[PDB]
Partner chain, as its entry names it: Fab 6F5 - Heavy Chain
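Shown below, as structure tokens, is a lone chain in the form solved without its partner chain; questions about how it binds or moves come after it.
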């Protein structure tokens, strides 16, 4: 297991993929959360280019935090995550948006509000255990 909260310095651009494998720490009846934030600095209070928050079994909210203030969230009731199961998240940086795959299924997208090149850090936290975390760095 990787430590949670998990923080890794990161850079992103079109073609980058962030892969996360983990499991919720509670049954869905107890409403565990999962949060992935792409930050503009290593500091936890820095701006967030992409905030992804799952309330397992209930909903997902996505937003940005710019100059310290939250912007307009996008709320989804799509819920591909399965109660009591390990999940694999694959986040792709496409030219126009982030695409979130859950267990290989396209499940959410979020249009860029800030260039992905502004990201310097990724944090994964809340009610999960993690077994894998990777940011790909294969493209120019």
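Rigid core here is just the name for the largest C-alpha set that superposes within 1.5 Å across the two forms. Residue numbers count along the first chain shown, from 1. Only residues modelled in both forms are compared.
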Where do the C-alpha atoms have the higher mean temperature factor in this entry, in 31-39 or in 77-85?
-> 77-85
Residue of maximum C-alpha B factor among 101, 114, 93, 61, per deposited coordinates | 114
Pull the Cα B-factor of residue 129 out of the PDB entry and bin it into the chain's lowest, middle or highest third.
-> middle
Could you tell me which third, lowest, middle or highest, the C-alpha B-factor of residue 44 occupies within its chain?
-> highest
Within this chain's modelled residues, let me know which third the CA B factor of residue 65 belongs to: lowest, middle or highest.
-> lowest
Tertile call for residue 14 (CA temperature factor, within chain, third-based) is the highest
Residue 71's Cα B-factor: lowest, middle or highest third of the chain?
-> highest
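The same protein also exists as the form deposited with its partner chain bound; that form is not shown, yet it is the one meant from here on.
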At the 4.5 Å heavy atom threshold, is residue 66 in contact with its partner chain in the entry with it bound?
-> yes
Please run the contact check for residue 41 against its partner chain in the entry with it bound: heavy atoms, 4.5 angstroms, yes or no?
-> yes
Select from 105-127 the residues with a non-hydrogen atom within 4.5 Å of its partner chain in the entry with it bound and write them out in sequence order.
-> 112, 113, 114, 115, 117, 118
Core-superposed, runs of 3+ residues with CA shift of 2 Å or more between this form and the one not shown span 137-139
